[PDB]
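These notes are about the structure you will find just below.
In what follows, chains carry the letters A, B, and so on, assigned in the order in which the sequence lines appear, proteins first and then strands, with residues in each chain numbered from 1. Heavy-atom basis, side chains included; hydrogens, waters and symmetry copies ignored.
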Amino acid sequence: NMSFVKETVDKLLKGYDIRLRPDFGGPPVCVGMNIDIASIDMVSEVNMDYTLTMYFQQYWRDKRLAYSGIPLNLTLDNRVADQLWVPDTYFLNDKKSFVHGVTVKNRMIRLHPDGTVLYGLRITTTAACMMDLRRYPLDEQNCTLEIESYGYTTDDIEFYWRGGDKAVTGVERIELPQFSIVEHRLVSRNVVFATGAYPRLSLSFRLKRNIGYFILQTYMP
Amino acid sequence: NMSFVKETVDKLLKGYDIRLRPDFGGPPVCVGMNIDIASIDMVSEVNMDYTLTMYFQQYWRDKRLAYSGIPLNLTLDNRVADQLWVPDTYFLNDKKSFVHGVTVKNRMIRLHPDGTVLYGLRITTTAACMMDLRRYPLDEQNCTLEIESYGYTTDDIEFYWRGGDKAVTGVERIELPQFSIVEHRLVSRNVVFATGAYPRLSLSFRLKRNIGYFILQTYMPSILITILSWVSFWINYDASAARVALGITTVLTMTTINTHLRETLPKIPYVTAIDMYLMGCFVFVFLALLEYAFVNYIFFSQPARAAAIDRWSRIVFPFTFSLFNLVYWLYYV
Amino acid sequence: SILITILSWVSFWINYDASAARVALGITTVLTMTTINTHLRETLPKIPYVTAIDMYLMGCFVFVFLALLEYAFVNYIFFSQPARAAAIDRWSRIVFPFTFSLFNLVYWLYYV
Amino acid sequence: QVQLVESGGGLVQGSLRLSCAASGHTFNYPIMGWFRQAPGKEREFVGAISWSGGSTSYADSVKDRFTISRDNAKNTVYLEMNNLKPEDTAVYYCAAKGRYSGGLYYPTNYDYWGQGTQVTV
Amino acid sequence: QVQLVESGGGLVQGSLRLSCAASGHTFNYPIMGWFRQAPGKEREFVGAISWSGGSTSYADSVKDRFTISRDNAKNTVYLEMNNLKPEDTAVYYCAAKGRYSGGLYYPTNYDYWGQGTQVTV
Amino acid sequence: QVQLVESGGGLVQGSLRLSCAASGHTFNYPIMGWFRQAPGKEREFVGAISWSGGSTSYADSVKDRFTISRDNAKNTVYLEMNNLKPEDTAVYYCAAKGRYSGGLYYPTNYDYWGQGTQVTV
Ligand SMILES: *[C@@H]1O[C@H](CO)[C@@H](O[C@@H]2O[C@H](CO)[C@@H](O[C@@H]3O[C@H](CO[C@H]4O[C@H](CO)[C@@H](O)[C@H](O)[C@@H]4O)[C@@H](O)[C@H](O[C@H]4O[C@H](CO)[C@@H](O)[C@H](O)[C@@H]4O)[C@@H]3O)[C@H](O)[C@H]2NC(C)=O)[C@H](O)[C@H]1NC(C)=O
Ligand SMILES: *[C@@H]1O[C@H](CO)[C@@H](O[C@@H]2O[C@H](CO)[C@@H](O[C@@H]3O[C@H](CO[C@H]4O[C@H](CO)[C@@H](O)[C@H](O)[C@@H]4O)[C@@H](O)[C@H](O[C@H]4O[C@H](CO)[C@@H](O)[C@H](O)[C@@H]4O)[C@@H]3O)[C@H](O)[C@H]2NC(C)=O)[C@H](O)[C@H]1NC(C)=O
Ligand SMILES: *[C@@H]1O[C@H](CO)[C@@H](O)[C@H](O)[C@H]1NC(C)=O
Ligand SMILES: *[C@@H]1O[C@H](CO)[C@@H](O)[C@H](O)[C@H]1NC(C)=O
Ligand SMILES: NCCc1c[nH]cn1
Ligand SMILES: NCCc1c[nH]cn1
């Protein structure tokens, strides 16, 4: 039955103000985040950055989008995300980023009957990584991904890793030829600026460089 | 007659919700896929990717778009695709993709009276291809294209290759200079994530590298420097500045060939097949200079022994290098 | 590539006692042909076949390699047969420019 | 401008090998195709072959019985017909196809044609 | 095409070490996984290991008790089971996973399986 | 992990120089900051210093009287307090700040703290 669901989704979006967050003027909306790492393509020492491709999922509850007549989780077309409120999540250390757009924009909206929104994004991000090269090329590097809310303070938005330490998957999927992932960590902070305190999630990797290229390349010559 | 068709297409799009898939809340909509490969432009070893241009066609039935009064297949303007539901098809291994947009956006909508939609797209895709370079440049590579639904699970969308093994055409159209297509395969899977199971189509190619560029580029320069180091064996041992400079410049040229070779490759920790040939050729030109340094060390006290080593090296150094090339080229070919 | 091949013919007019002078002429003309050949490939795609400029450089490599092999035969025999080694140096002063003019005649009439 | 001549097809009762020779601008026409036309029927695609490379394609009625390959020295494309059948009685044509022509199966996309020998088993 | 054989699991009452050996196209299958299937229950993820590198993952019931590592010379993946429990009585399987297959925890994503030795403590 | 110890602050009636020494992962914490906490008041920003470089910042109440600089050999940050005032009676803390933490003035952004010596003029 598609006519009753079309009346249900039109009921959810009628009178929906995208300018207002869920529970506007009340307690902060909690946004839970999961990251599935697709790949780390490049790690550049000259530019001091790294290119990361991931699936970025955000979970929050919007009571304006709660439906009752359907017992299923509504997976909608991704163009409905322009008619919904989404968190203003950005990457603080990110230098250049984009959402994939072939064949459609690489995003997903999945609704739930209590109003829980699953919002996924396929993002390729070139993030800055300041490197200590005093022990190069026998060095270990710590490259982070800083996840922050842009305009909403901690009075309006709260971040958390959804699933605790299992919130980031696909670290074994990373295949760098000159690097190996030693450890990854998940940090949740509040960062205070002049405009207020902002929620912060941090995903950091420890990169151990492989010596085998530099033996053939420089040491043995 | 254009007025009746305009009333027919306006009837199809009135009350059409693009947010809902066909048979929403019912059985999954089957999406059939065809790929017409236009070209494979680049295959990069350093970035471990390849650039592919193709015609990507998707077939599904939408009963909201079924018409009755017209017995023809309606080819509409491509801007109607923004008013229709389309599958959320993306390439999983795709590093960077884009639909062509000159002179219009390179897409096609063709409707059918039962509601079957043909949706074509001209896409250029730089897809990741992790390469095993242990036998480079005598290696075979397997580069795939992973086709997946982004948000719809297998409860909502099912993929299949439309036409079976004939679903991908234009593999003979691929003209890479340093590669040849050995085989292509079509795989249909279901891939389970934390958010559910997703339909997967895979198009993989087997790429055999052509050796003809690398014979001229590195192999034949490294052979001729090794033969150049054997010229010292026919020169008299009193010519110390002539035979050391032959040993110097053949050793230093092998270092410049190795460094140049590294630049064309990613920073892999292991040893390739061309690295094994250059390190083998470095041993032959280094022992040719060490042969004179042993001859120069003994030719004052033992001039007959030093003349014997020069005569011995004139036939052992070409024989061991022919034996080195025999073991090498029968192991990698 | 023409001027390096003419540079390798300078060794034929140098006396055969100058071993370090004539080998270094044979070394540096052979090594320069390798640097011209590697550089030429950079401007071309990785094609498996041989171009027309590749046929000229491989032809010019043979002329500068046989010029060093001419001294290595002269240095091998100039102690026992000094008149024969002086004849090969006189023979190479006119055969090496003649064969290279014949090589350029067959090349430039085949491709133009 | 590709000139095409084929020879190697006689009256047999087995395995037969045809051979199509090309000459001219074969770089702009990298794909050779074999076609056959039964008397009273449509011109049917048999198989196709690329000059550079050797990636082959075949029809379903001749798959795993016919093999096509080439040598770039003689500029010769050969169609080895093994396990013959009485449905293989047609004038076998050899054709060349341009680079930006689409579809191996369609004889309209092929420009320079062979003469066509009458083969009856 | 990865062939998988595992051996090193017997009837004990302690620390036990299993060992899964691979052969074939192990480059296209960079992830090995250990699974177990209790009689009457679902096939349960134990742990996973990458060939190149060595980044490990474990389930919660076997974390800080089981260690998985490998050597790329023998193409051998070993599952060291220390501090055994009576809930660890199952046929332990060894499986290989393709590169663009997602999710370590799900045995449907794994293609080539081991034989599976019956282990009861 | 940065360990912080400070010493060089005694009971004076003049110019007083404090000195905070660091040890550990000081690359990920490139900014050192000086804070003070009067009894019954808020923790007040005094000044900040970068390890690499030496770009300083100061509060308005201590500007053109306090100078902060460092040497990267000893991993030592010193706070030279000149022209002392009776409003400078507080426990002076030394703190380290991560790279992607924002705002020098805010002590919540600082992770590893010093012990804090009680200074009364
Ligand atoms: C790459 O480098 C970065 C540094 O630039 C490292 O990041 C640090 O990681 C550690 C964890 O290893 C983080 O420490 C933890 O911080 C948590 C956040 O607390 C802050 O925020 C809350 C609320 O805002 C405040 O109350 C609190 O005071 C902090 O300001 C804490 O919750 C953690 O505490 C827990 O563990 C400690 C023991 O470690 C216990 O004592 C506690 O009781 C509690 O259980 C912990 O302190 C640190 O914040 C990170 N720094 C930054 C700047 O982000 C990366 O780890 C490194 N990457 C790798 C792979 O090594
Ligand atoms: C490049 O490298 C990739 C590997 O990374 C290769 O991909 C593999 O290709 C083979 C085919 O050669 C695939 O094998 C086939 O998989 C099909 C899919 O089955 C899966 O999914 C269904 C439903 O989800 C499950 O029921 C099933 O258990 C699998 O999980 C199967 O349908 C095929 O089975 C058929 O053939 C076999 C014999 O091969 C018969 O035994 C069966 O009965 C049936 O007839 C087959 O198993 C494999 O899945 C691919 N792997 C991945 C990871 O995609 C590429 O082939 C390679 N490219 C080149 C050019 O070599
Ligand atoms: C909807 O999603 C939630 C979260 O994964 C799940 O628990 C629930 O079972 C789903 N509902 C249906 C009907 O599948
Ligand atoms: C419409 O397309 C289908 C599929 O190719 C075809 O079978 C049918 O004949 C077409 N209809 C017309 C009127 O050409
Ligand atoms: N989300 C904090 C944005 C910012 C940084 N600096 C000032 N404002
Ligand atoms: N279509 C699956 C998208 C995905 C990958 N990882 C998580 N979600």
Side-chain angles (χ1 to χ4, degrees), chain B residues 36-37 165-166 169-175 180-184 210, chain C residues 48-49, chain D:
Chain B
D36 180 0
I37 303 300
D165 287 331
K166 294 179 175 297
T169 59
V171 197
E172 83 294 327
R173 203 177 284 116
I174 299 165
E175 284 187 339
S180 64
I181 312 279
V182 175
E183 195 192 0
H184 74 97
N210 298 334
Chain C
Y49 51 86
Chain D
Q1 290 292 328
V2 176
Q3 298 178 342
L4 286 186
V5 175
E6 62 268 35
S7 57
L11 290 93
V12 304
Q13 299 184 7
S15 68
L16 269 63
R17 190 171 177 177
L18 286 67
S19 64
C20 179
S23 63
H25 293 71
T26 57
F27 178 74
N28 293 127
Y29 293 86
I31 294 171
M32 306 299 303
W34 285 99
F35 287 85
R36 67 186 182 190
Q37 187 181 26
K41 299 186 185 178
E42 210 175 4
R43 186 164 293 187
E44 186 178 2
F45 176 78
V46 175
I49 174 65
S50 179
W51 281 118
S52 180
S55 180
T56 59
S57 181
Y58 300 94
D60 292 327
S61 56
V62 297
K63 197 180 299 180
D64 294 327
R65 302 187 300 110
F66 284 11
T67 57
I68 310 181
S69 292
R70 84 280 166 268
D71 56 325
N72 297 324
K74 294 182 179 180
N75 297 334
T76 291
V77 158
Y78 49 86
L79 165 62
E80 307 179 7
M81 314 186 302
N82 299 356
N83 194 27
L84 289 181
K85 288 179 180 180
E87 296 178 348
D88 308 337
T89 58
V91 175
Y92 276 72
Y93 295 96
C94 167
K97 185 173 164 294
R99 177 169 290 104
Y100 307 113
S101 303
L104 303 180
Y105 307 142
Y106 313 106
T108 323
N109 305 324
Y110 290 74
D111 287 334
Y112 302 102
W113 286 86
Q115 295 298 320
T117 59
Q118 180 75 50
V119 171
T120 304
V121 309

Listed pairs under 3.5 Å, donor-acceptor, residues 21-31 of chain D side chains, sequence neighbours left out:
unit_1: D:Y29; atom_1: OH; unit_2: D:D111; atom_2: OD2; d: 3.4

So D:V77 and D:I68, do their side chains get closer than 4.5 Å, heavy atoms only? yes
Can you tell me how far the CG atom of D:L11 sits from the OG1 atom of D:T89, to the nearest 0.5 Å? 11.5 Å
Of all the heavy-atom pairs spanning D:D88 and D:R65, show the shortest one and how long it is. OD2-NH1, 3.6 Å
Are the side chain of D:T56 and the backbone of D:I49 linked by a donor-acceptor contact shorter than 3.5 Å? no
Would you say CD of D:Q3 has more than 12 non-hydrogen atoms from neighbouring residues, nucleotides or ligands within 6.0 angstrom? no
Whether D:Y93 and D:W113 hold their rings parallel, tilted or perpendicular, with breakpoints at 30° and 60°: perpendicular
Shortest non-hydrogen pair, D:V121 vs D:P86, comes out as CG2-CA, 3.8 Å
With the side chain counted from C-beta on, respond yes when D:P107 and D:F45 share a heavy-atom pair under 4.5 Å apart, and no when they do not. no
Nearest 0.5 Å please: distance from the CG atom of D:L18 over to the CE atom of D:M81. 4.5 Å
Which pair of non-hydrogen atoms, one from D:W51 and one from D:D71, has the smallest distance, and what is that distance? CZ3-O, 3.9 Å
dist D:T67:OG1 -> D:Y58:OH (nearest 0.5 Å) comes out at 5.5 Å
Okay, side chain of D:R70, backbone of D:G53: is any donor-acceptor separation there less than 3.5 Å? yes
Please report the shortest heavy-atom distance between D:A38 and D:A90, naming the atom on each side. N-CB, 3.6 Å
Min side-chain heavy-atom separation D:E80-D:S15 under 4.5 Å: no
Please name the pair of heavy atoms, one in D:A48 and one in D:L104, separated by the smallest distance, quoted to 0.1 Å. CB-CD1, 3.8 Å
Evaluate the criterion side chain to side chain contact (heavy atoms under 4.5 Å, CB included) for residue pair D:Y105 and B:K166; output intermediate values, then yes/no. CA-CA 12 Å; D:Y105 307 142; B:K166 294 179 175 297; 4.0 Å; yes
With rounding to the nearest 0.5 angstrom, report the CG to CG distance, D:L16 to D:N82. 8.5 Å
So CG of D:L4 and SG of D:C94: to nearest 0.5 Å the spacing works out to 4.5 Å
When you measure from the side chain of D:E6 to the backbone N and O of D:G116, does any donor-acceptor pair fall under 3.5 Å? yes
Could you go step by step and tell me if D:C20 and D:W34 meet the side chain to side chain contact (heavy atoms under 4.5 Å, CB included) rule? CA-CA 9 Å; D:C20 179; D:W34 285 99; 3.6 Å; yes
Less than 6.0 angstrom separating the ring centers of D:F35 and D:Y92, yes or no? no
Just do the side chain to side chain contact (heavy atoms under 4.5 Å, CB included) check on B:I174 and B:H184 with the steps written out, would you? CA-CA 12 Å; B:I174 299 165; B:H184 74 97; over 6 Å; no
Should we count CD of D:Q118 as having more than 12 external heavy atoms under 6.0 Å? yes
Please name the pair of heavy atoms, one in B:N210 and one in B:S180, separated by the smallest distance, quoted to 0.1 Å. OD1-OG, 4.2 Å
Roughly how far apart are D:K97 NZ and D:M32 CE, rounded to 0.5 Å? 12.0 Å
Any side-chain heavy atom of D:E44 within less than 4.5 Å of one from D:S61? yes
So, does D:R36 use its side chain to make a donor-acceptor pair with the main chain of D:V46 at under 3.5 Å? no
